[PDB]
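Here is the structure we will look at.
Nothing in this text is a laboratory measurement; each read-out follows from the coordinates by a stated rule.
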Amino acid sequence: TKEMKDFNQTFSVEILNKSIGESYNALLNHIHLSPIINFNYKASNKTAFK
Amino acid sequence: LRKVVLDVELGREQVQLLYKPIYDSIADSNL
C-alpha cells in the first residue's frame, strides 16, 4: 500500500530490489547447476572414493 | 437565426482556507 511506503521509515523499494536481485542470482545458480546435480549418473561417469 | 446565450453568473462558490491564522503549520514528508 502507498501508506506502508510513505509512513514506514525503513521500508523502501531499494530493499525490494535487493530481494529481487538476490533471488534472481540464486535462481540463476539453481537453473545452471541443478542439471549437473540432479542428473542420474551412470557407472561410466561415477568414480568411487578409493 | 443566430443563437445567443444569456451570459448569466452560475457555478459553485469558491472555498477559501480559513483555518490558517489559527494553526501552526508543520510541513515534513518524513512524519
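When its C-alpha radius of gyration is set against 2.2 N^0.38 Å (N residues), the protein assembly as shown gives a value of 2.90. For a straight C-alpha distance cut-off of 19 angstrom, the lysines reachable from A:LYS50 (same-chain residues fewer than eight places away being disregarded) are A:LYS42. Taking a ≥ b ≥ c as the square roots of the eigenvalues of the Cα gyration tensor of the range A:7-50, is the shape rounded (a/c under 1.5), prolate (a/b larger than b/c) or oblate? Taking the square roots of the gyration eigenvalues as a ≥ b ≥ c, the range A:7-50 is prolate. Between chain B and the range A:16-49, the C-alpha centres lie 64 angstrom from each other.
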